[PDB]
Amino acid sequence: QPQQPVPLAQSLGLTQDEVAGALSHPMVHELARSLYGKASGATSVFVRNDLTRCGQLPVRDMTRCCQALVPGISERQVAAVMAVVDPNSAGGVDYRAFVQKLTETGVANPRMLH
Amino acid sequence: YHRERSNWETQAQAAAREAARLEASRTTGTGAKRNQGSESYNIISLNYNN
Amino acid sequence: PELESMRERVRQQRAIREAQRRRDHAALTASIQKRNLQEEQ
Amino acid sequence: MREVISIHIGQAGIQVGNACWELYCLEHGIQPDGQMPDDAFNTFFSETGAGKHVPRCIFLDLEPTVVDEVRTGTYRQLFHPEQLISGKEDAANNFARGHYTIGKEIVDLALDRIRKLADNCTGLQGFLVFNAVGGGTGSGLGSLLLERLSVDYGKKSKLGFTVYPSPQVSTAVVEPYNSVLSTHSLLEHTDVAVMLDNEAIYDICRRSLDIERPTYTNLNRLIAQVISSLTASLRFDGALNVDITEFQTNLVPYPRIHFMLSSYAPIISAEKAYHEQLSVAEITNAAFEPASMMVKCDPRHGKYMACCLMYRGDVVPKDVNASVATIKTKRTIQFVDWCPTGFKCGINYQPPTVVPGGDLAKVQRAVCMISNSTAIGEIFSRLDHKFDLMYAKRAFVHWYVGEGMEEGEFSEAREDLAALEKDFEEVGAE
Amino acid sequence: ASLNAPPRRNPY
Amino acid sequence: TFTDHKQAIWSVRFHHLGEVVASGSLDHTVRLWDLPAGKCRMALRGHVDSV
Amino acid sequence: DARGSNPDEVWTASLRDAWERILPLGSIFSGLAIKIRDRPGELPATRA
Amino acid sequence: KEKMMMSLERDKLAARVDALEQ
Amino acid sequence: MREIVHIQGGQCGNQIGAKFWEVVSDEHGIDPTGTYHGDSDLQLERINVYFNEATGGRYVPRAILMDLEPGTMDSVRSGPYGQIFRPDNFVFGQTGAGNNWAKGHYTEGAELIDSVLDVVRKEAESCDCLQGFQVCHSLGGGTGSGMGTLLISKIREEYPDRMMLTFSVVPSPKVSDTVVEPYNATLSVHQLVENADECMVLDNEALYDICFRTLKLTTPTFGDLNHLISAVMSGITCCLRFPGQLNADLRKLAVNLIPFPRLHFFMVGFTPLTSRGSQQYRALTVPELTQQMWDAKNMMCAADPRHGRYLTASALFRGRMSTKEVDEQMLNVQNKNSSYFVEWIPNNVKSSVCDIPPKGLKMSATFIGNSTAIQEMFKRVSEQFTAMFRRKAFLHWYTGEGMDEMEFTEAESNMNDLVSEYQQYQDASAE
Amino acid sequence: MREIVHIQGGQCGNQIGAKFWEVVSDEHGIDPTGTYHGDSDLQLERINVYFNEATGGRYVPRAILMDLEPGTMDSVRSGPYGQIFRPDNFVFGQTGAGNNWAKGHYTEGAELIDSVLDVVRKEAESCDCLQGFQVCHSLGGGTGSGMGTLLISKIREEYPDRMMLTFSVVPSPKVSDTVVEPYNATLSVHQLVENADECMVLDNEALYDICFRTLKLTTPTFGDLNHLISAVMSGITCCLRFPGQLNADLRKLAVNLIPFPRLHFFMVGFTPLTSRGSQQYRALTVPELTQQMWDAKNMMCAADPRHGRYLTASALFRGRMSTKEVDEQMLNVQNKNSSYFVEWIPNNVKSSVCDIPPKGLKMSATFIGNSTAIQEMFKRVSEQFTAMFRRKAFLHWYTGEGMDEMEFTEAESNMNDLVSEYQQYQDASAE
Ligand SMILES: Nc1nc2c(ncn2[C@@H]2O[C@H](COP(=O)(O)OP(=O)(O)OP(=O)(O)O)[C@@H](O)[C@H]2O)c(=O)[nH]1
Ligand SMILES: Nc1nc2c(ncn2[C@@H]2O[C@H](COP(=O)(O)OP(=O)(O)O)[C@@H](O)[C@H]2O)c(=O)[nH]1
Ligand SMILES: Nc1nc2c(ncn2[C@@H]2O[C@H](COP(=O)(O)OP(=O)(O)O)[C@@H](O)[C@H]2O)c(=O)[nH]1
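Cut-off values and rules
- Residues numbered from 1 in each chain as written, not as in the entry; some residues may be left out.
- Chains lettered and ligands numbered in written order.
- Part of a larger assembly, values for the part shown.
- Heavy atoms only, no water.
- Residues with missing side-chain atoms left out of burial classes, pairs and counts.
- Near = heavy atom within 4 Å.
- Polar contact = N/O pair within 3.5 Å; in protein donor to acceptor, adjacent residues only side chain to side chain.
- Areas by Shrake-Rupley, 256 points an atom, 1.4 Å probe, with all protein chains shown as cover.
- 1 Å grid on protein atoms, 1.4 Å probe; cavity = no way out; pocket = protein on both sides within 12 Å on 5 of 7 lines; lining within 4 Å.
- Sits in = over half its atoms within 2 Å of the grid points.
- Helix = DSSP H or I, 4+ residues; strand = E, 2+ residues; numbered from the N terminus.
- Nonpolar A, V, L, I, M, F, W, Y, C, P; charged D, E, K, R; others polar.
- Salt bridge = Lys/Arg side-chain N within 4 Å of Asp/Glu carboxyl O.
- Buried < 20%, exposed > 50% of the residue type's maximum accessible area, 1.4 Å probe, protein only.
- Contact = heavy atoms within 4.5 Å.
- Buried area = accessible area lost by both parts, 1.4 Å probe.
- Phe/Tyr/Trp six-rings, centres within 6.5 Å; stacked < 30°, edge-to-face > 60°.
- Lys NZ or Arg CZ within 6 Å of the ring centre and 35° of its normal.

Structure determination for this entry is recorded as cryo-EM, at 3.5 Å resolution.

A.B. asks: Help me out: how do you make sense of the site of ligand 2 in this one?
C.D. replies: Around ligand 2, a shell composed of 18 residues is seen, among which B:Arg34, I:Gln11, I:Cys12, I:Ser138 and I:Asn226 lie nearest. Among the chains of the assembly, those with residues near ligand 2 are chains B and I. Separating an oxygen atom of ligand 2 from a backbone N or O atom of I:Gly142 is a distance of 3.1 Å. Burial of ligand 2 by the surrounding chains reaches 95%, relative to a free accessible area of 580 Å². Because more than half of its atoms lie within 2 Å of the grid, ligand 2 is assigned to the largest cavity. Broken down by secondary-structure element, the contributors of at least two residues to the shell around ligand 2 are helix 1 (10–27), helix 5 (142–158) and helix 8 (222–241) of chain I. For the shell around ligand 2, the element with the highest residue contribution is helix 1 of chain I, accounting for four residues. When the residues that make up the shell around ligand 2 are grouped by side-chain class, the tally is three nonpolar, 11 polar and four charged.

A.B. asks: Would you mind going over unusual backbone geometry with me for this structure?
C.D. replies: Both trends apply: most residues other than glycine have a negative phi, and most peptide bonds are in trans. Residue I:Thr271 is joined to I:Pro272 through a cis peptide bond whose omega torsion reads 0°. Along the chain, the position of I:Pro272 falls in the loop between strand 9 (265–271) and helix 10 (286–293). The phi angle at D:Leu240 is positive, at roughly 60°, despite the residue not being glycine. Position of D:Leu240 among the secondary structure elements: in the loop between helix 8 (216–235) and helix 9 (244–251). One non-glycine residue, I:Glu431, lies in the positive phi region at around 55°. For I:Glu431, the location among the structural elements is in the segment after helix 14 (405–426).

A.B. asks: Looking at this structure, I do not really get the pattern of salt bridges. What am I missing?
C.D. replies: Pairs may arise between side chains of opposite charge once their charged atoms sit close together. All names here are of chain D. The full count for this structure, using the stated rule, is 77 salt bridges over all chains. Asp 388 is paired through a salt bridge with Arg 414; the nearest N and O atoms lie 4.0 Å apart. Here the residue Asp 388 occupies a position in helix 12 (residues 377–393), and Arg 414 occupies one in helix 14 (residues 407–428), the gap between them amounting to 26 residues. For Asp 388, a relative accessible area of 7% gives the class buried.

A.B. asks: Teacher, can you tell me more about the interface of chain I and chain A here?
C.D. replies: Where interface size is quoted, it is often the accessible area lost as the parts come together. In this assembly, seven residues from chain I lie in contact with four residues from chain A. Between chain I and chain A lies a buried interface of about 410 Å² when both sides are counted; carbon and sulfur atoms form 29% of it. Interface area lost by chain I to chain A is led by I:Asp41, I:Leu44 and I:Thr55, which between them contribute 63%. Joining chain I to chain A, the criterion identifies two salt bridges. A:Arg96 is the salt-bridge partner of I:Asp41, the closest N and O atoms lying 2.6 Å from each other. For the pair chain I and chain A, the number of links is one residue pair in polar contact. Of the residues forming the side of chain I that touches chain A, the biggest block, three residues, is contributed by helix 2 (residues 41–45) of chain I.

A.B. asks: What is the right way to look at the packing of aromatic side chains in this model?
C.D. replies: To describe a pair of aromatic rings, you give the distance between the ring centres and the angle between the ring planes. Enumeration over the complete set of coordinates arrives at 78 aromatic pairs over all chains. Centroid distance D:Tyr164 to D:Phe380: 6.2 Å. Interplanar angle 80°. Geometry classified as edge-to-face. Here D:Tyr164 is found in strand 7 (residues 157–164), whereas its partner D:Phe380 is found in helix 12, with 216 residues between them in sequence. Exposure class is identical for D:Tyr164 and D:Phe380. Each is buried. Their ring planes at 25° and their centres at 6.1 Å tell us that D:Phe387 and D:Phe410 sit as a pair that is stacked. A residue pair is termed long-range when its members are at least 10 positions apart, and D:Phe387 in helix 12 and D:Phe410 in helix 14 qualify at 23 residues. On the basis of relative accessibility, which here comes to 0%, the residue D:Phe387 falls in the buried class. Classification of D:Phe410 as buried rests on a relative accessible area of 0%. Three or more aromatic residues joined by ring pairs form one cluster here, namely D:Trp21, D:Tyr24, D:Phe44, D:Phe45, D:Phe59 and D:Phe79. Sitting over the ring of I:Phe212, D:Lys318 keeps its end group 4.0 Å from the ring centre.

Next up, the structure:
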């Protein structure tokens with residue numbers, strides 16, 4: 001991480017309801033299902049969209065990745081998952097941690113745990 | 001309940017004692033002195049260890 | 001019967017090795033008794 | 001996990017056991033009351049729920065006085081009261097008395113308590129039998145107990161730290177007799193027999209510790225230090241760990257040949273301490289010095305077959321390797337042609353603990369060199385004629401006959417010792 | 001079931 | 001003597017080869033006995049009432 | 001033994017039969033040393 | 001030492017002789 | 001995605017493996033708790049070659065730790081990287097082999113080998129693709145040699161096509177630690193010739209030499225020797241873990257190194273090993289690395305290559321370097337030392353280049369040489385084995401474990417045949 | 001809406017059933033006072049399978065407790081969930097069966113069976129639709145084995161079409177608790193063969209082995225064994241109580257498991273059983289679950305599957321998982337271990353998936369194997385029964401209860417015939 005000579009949730013105006021139901025959204029559930037389906041290749045799209053090999057992507061880049069996986073995902077849901085993954089960051093959350101958390105919190109039945 | 005939980009607590013405390021012994025030996029450096037470098041600096045990189 | 005022939009050949013070699021070891025042991029006993037005679041005389 | 005059962009038979013056995021257990025209590029921090037204010041004590045002590053540690057030892061004697069001394073002294077709350085076993089009549093320096101008539105019930109009870117002890121051991125490296133070759137209690141009862149142990153326990157490694165009669169100086173008359181009998185008995189039972197001589201240890205104390213009036217307490221302290229150095233690899237971790245089973249595999253070339261000389265170094269008093277470096281090479285040389293050996297047996301006469309070194313304290317494997325290279329290059333030390341290596345080095349990071357009130361000083365390095373060498377045939381040659389000189393006139397033979405022996409037993413024992421002499425010559429010569 | 005699987009013999 | 005049958009043996013027959021003896025008994029089961037073995041190799045079941 | 005019961009000279013030089021020992025003249029900062037290059041049991045050709 | 005070895009051999013021979021006489 | 005199953009055997013093998021895993025975790029930026037803390041993408045790019053992911057971010061070695069006594073791996077667990085290892089992969093008995101290969105191969109190794117094979121199979125089946133196994137152990141020890149050879153035979157039976165790599169600490173030429181080293185080494189070399197596909201021969205005295213003469217250390221403990229062995233073990237497989245300008249896997253190295261199947265014993269060395277004083281002073285260049293690696297003193301094998309002839313030799317370089325520079329340097333080495341290189345092979349050098357140097361080092365290069373020099377090492381071990389076997393000293397300890405005397409003779413015959421092949425290919429003439 | 005009538009018999013059966021009800025109430029968020037405190041719709045969605053709603057919000061198990069001595073069920077009420085059961089479902093005698101199958105089946109079991117059947121009918125009629133009955137007890141005890149087999153016979157008479165499931169704790173191979181275990185087991189097996197549609201075999205020694213090797217517990221009381229058994233008994237019926245991606249009820253499991261009516265004895269296991277220290281060291285994946293599931297150590301039956309052949313095997317998985325992943329895992333297991341699977345059945349696996357994992361566990365899998373390996377267990381029980389019966393030891397106690405000697409030999413004949421059928425289908429060849 002280069003030296004730089006505020007919270008992600010505060011940015012974009014994410015509401016407390018969105019923060020609470022970030023993983024409970026049906027679109028996010030579908031995204032987690034797709035990520036689990038693509039085992040070990042889930043981060044391939046994020047890697048392709050990450051030019052700097054820095055492991056971090058901006059909001060636009062990860063929304064593009066999530067739309068390439070599941071078309072129906074909006075940017076607000078992706079940003080909410082970004083915030084719940086890394087609470088205090090100026091964007092650029094690690095996509096590997098993002099994918100790992102989403103797959104870990106993946107849910108078989110949309111009625112349960114949502 | 002007291003019988004069962006005392007038995008479980010004894011088992012967990014024995015496990016925690018073993019883990020604490022291993023962690024203390026790791027941190028203080030006395031453990032595995034058989035395989036500890038003679039000179040503090042890293043031999044290959046010629047760098048001082050932390 | 002190639003495996004049986006090979007096993008028989010191995011057994012013959014084993015007998016030869018055991019005989020050689022026994023001969024070597026006898027030679028060692030002869031050597032030590034010679035040295036004992038030399039030192040006592 | 002690495003439990004070792006200690007047996008102390010006879011006056012000499014119990015008296016060296018006093019020093020041994022004092023040393024172990026000091027080393028592990030165990031107070032004489034029994035408990036100490038990890039798990040390194042499991043080799044010699046078994047802990048109870050109350051926190052008190054009791055030794056896995058058995059004090060066997062046909063005489064009550066010696067055991068009652070322990071029952072009354074400082075370590076009265078440490079040992080198990082039933083573990084202290086006392087007879088009613090002493091063996092009176094009669095191997096027959098201690099092996100055929102009096103020793104039967106005492107050894108049966110000894111096997112009972114030894115069984116209780118062995119049932120309490122997860123692992124069992126072996127037995128450490130400390131007796132006195134040359135006394136009826138030590139020789140006869142110890143031989144009978146070793147025979148029973150070989151019968152029942154089987155392959156467990158029994159290490160006999162025997163005290164043999166000195167060449168010229170001695171305290172008994174029938175000592176060559178019962179020494180020959182015990183030697184014939186233990187040639188086929190003990191796995192490794194360590195020879196010790198009171199004359200040699202007296203000389204050690206006189207010249208090194210500068211004690212002009214050495215006593216049995218000093219002798220037993222030195223022997224206890226030797227045994228502690230031997231067992232240190234079981235209790236304390238260090239580079240090049242050595243095991244009780246590894247002793248025989250690295251040290252016994254043939255089953256008959258398992259008698260071994262022992263030498264501890266350095267042996268320095270508190271006054272002259274910290275006046276020399278006491279480096280690894282110097283202490284190795286001191287250990288290999290013929291004078292430092294705890295048996296009146298010049299190693300220059302014979303050839304070393306194997307030498308196991310137990311290093312204690314701040315010792316590094318390169319130091320031990322350089323020291324052993326120097327020892328090999330030394331021309332006074334001569335090894336057998338069929339053992340090019342002949343060396344078993346084992347280091348431990350625990351320096352030898354010093355007994356307060358003892359004469360040894362606190363040294364940061366220590367060496368216990370235990371060697372199988374053909375020179376030990378000399379002491380057997382000495383006992384072989386000290387025996388035959390009386391056996392020609394059959395002196396004191398009726399004493400042994402009265403308790404269930406025959407002239408045939410003496411004949412068989414003496415023939416076995418002669419065969420041992422012949423075997424020593426055979427292995428020593430190319 | 002020692003020999004319960006023979007061919008049909010002796011049709012008669 | 002074969003005693004696995006605990007009820008009356010209504011019928012007993014030989015195989016045409018003769019190595020097997022079929023015993024149908026009140027026990028609802030038909031037991032095939034191997035004469036060289038002396039053991040019930042098969043115990044046919046499935047009859048609700050007596051064979 | 002007559003040549004000297006030095007652990008370094010006896011063992012460290014003898015290893016790989018290199019028979020050469022490196023003695024520094026000070027710290028590593030001096031960084032200059034001596035290679036003894038001593039083959040025991042052979043005269044150097046200079047004094048042969 | 002050689003004397004007493006040969007004496008034990010003689011004793012064994014005497015025991016064998018007595019057994020043969022029996 | 002070509003996984004390697006690491007196995008440690010015996011006291012020496014376990015300690016070497018612990019040091020090796022410390023080195024690999026440091027290279028991949030893995031803290032002792034297993035979490036990645038390296039901050040470099042290439043570190044995690046191929047971390048699966050050695051590590052598997054746990055429920056969290058934890059990364060655990062694909063290592064299997066074998067012994068018959070528990071104290072050694074109690075120390076291993078107490079070591080600085082003791083808790084990275086999967087606790088289920090610690091397979092240990094209760095009573096150790098008393099430096100007895102018979103005890104470690106037949107009596108006591110028989111019971112524990114089933115659990116060892118279960119752990120090995122469980123680790124192998126989880127692998128996507130398996131490059132092979134690497135077994136680090138010491139010839140001349142009871143549990144080490146015995147269990148290592150037995151496990152190598154079992155793994156050869158189960159996975160014949162998969163690569164087998166061995167790091168065997170051959171007993172030292174001059175100063176031996178235990179008496180029965182010749183017996184254990186002789187019995188183990190026979191197994192390694194038949195089973196092990198690729199074998200590295202290491203000597204404690206050779207390492208002591210390198211640490212006094214190149215490294216100029218004062219009182220180097222076994223940790224330093226294990227550190228150097230770990231360096232070689234990492235550098236041999238760094239091409240699998242990191243992108244390379246001309247990469248080469250273990251199978252490529254074996255194919256380019258082994259001319260005939262039995263001639264698979266190799267000497268290895270690492271560069272640049274320099275003392276602290278001359279570190280500012282030494283020039284970090286490809287020619288300097290080549291000059292150091294081709295030195296006899298750099299070898300971790302006791303045998304010096306000058307006596308023998310280089311059948312083959314692979315050099316795996318690490319760092320952003322000129323492939324022309326590397327190839328020219330090694331061609332120049334061949335041309336200059338053509339007397340030390342076998343004539344009936346036009347090129348005796350396999351050059352591999354990796355783009356990631358080890359941490360702290362601007363450059364590095366590991367060397368693996370198949371030369372007839374090791375003939376003298378095997379000859380010396382035979383000279384000791386025959387000396388003891390003529391008088392059958394200590395033979396009863398092995399005989400009491402239920403192995404025939406005939407096995408010793410067969411092992412000696414096989415070892416002598418290997419020596420004869422090495423001499424034949426030393427003095428073979430073209431056409 | 002497919003109800004299950006749980007019945008507990010004997011001391012061991014009652015303790016196992018109490019632990020099972022505690023586990024099920026924990027899974028459904030039911031406190032010991034009966035009130036729901038789960039805060040999840042799915043927990044209450046199918047609560048009627050096991051529980052009935054009282055006048056208030058109380059939920060009561062559909063459990064019937066059977067015994068001849070009141071001490072065991074006094075402990076039952078003193079247990080943590082002793083208050084959920086209705087007091088009317090406690091059916092007790094006054095003189096306990098002295099480990100006597102004859103006493104528990106003919107003399108003392110005859111009187112109390114009236115109340116047992118009355119309560120069973122009362123509970124069964126109130127059910128809308130009845131899947132069947134599950135009876136938990138221990139073979140090798142008087143009241144449990146005898147009285148339970150009597151109940152099973154009566155219920156088979158009353159409801160031939162309804163499912164019958166039994167969880168029998170067969171006496172252990174090495175360490176036997178009571179002397180008359182072979183007699184009681186031999187008598188109960190004869191009843192279970194004829195009556196029980198589906199039977200699971202459990203062994204206390206197998207439970208000790210699994211809890212000492214996998215869970216690595218040091219002092220496992222009977223509570224832990226009951227805990228493992230309860231986990232299996234919950235997992236078998238989780239498909240009825242929860243939505244599944246590929247659901248499978250008890251009758252489906254029996255249909256896919258039982259080739260022939262007499263071969264309905266099954267050996268069960270549960271995954272993932274992880275030691276506390278290695279909980280962070282296990283990665284929860286479907287392949288890991290299958291690896292532990294097919295391991296013989298995970299089986300709670302003493303007989304190991306390696307000796308015999310798997311006639312069939314059902315695997316009920318729970319959690320968010322891929323149907324492709326599960327199906328490929330089981331097909332790959334069959335292909336790898338084709339030797340241990342019966343040839344004349346093209347597919348030997350019945351895979352089911354449920355969307356509700358147990359609380360705390362992200363994934364789980366229960367295994368129910370119908371294999372010929374249980375032949376050796378029945379053979380050992382025969383080896384004990386014949387040894388005791390030849391000298392007629394302890395036979396007078398069963399004789400004095402009005403049991404004819406011919407009944408013992410009839411039971412032995414039935415159990416030997418079952419062994420013969422298992423051997424026949426172990427060595428049956430296709431075409
Ligand atoms: N090194 C050493 N030897 C001792 C010591 N005490 C006694 N001995 C030797 O032990 C021999 C006799 O020991 P024991 O047989 O136990 O004497 P005891 O207890 O009276 O039994 P018996 O004499 O056989 O009736 C003597 O010849 C001494 O040389 C001692 O403290 N240290
Ligand atoms: N390089 C290195 N060598 C060792 C180490 N520990 C032991 N050795 C050597 O390896 C040889 C064999 O010992 P080993 O096989 O581990 O004993 P075992 O495990 O009981 O069979 C010994 O002679 C030692 O000199 C170590 O940590 N590093
Ligand atoms: N798993 C388990 N087994 C038990 C328990 N209590 C008893 N057993 C076993 O069940 C076997 C039979 O005893 P049991 O049937 O309860 O006696 P009964 O009630 O008089 O019929 C005994 O051998 C015990 O080992 C328990 O709580 N759990």
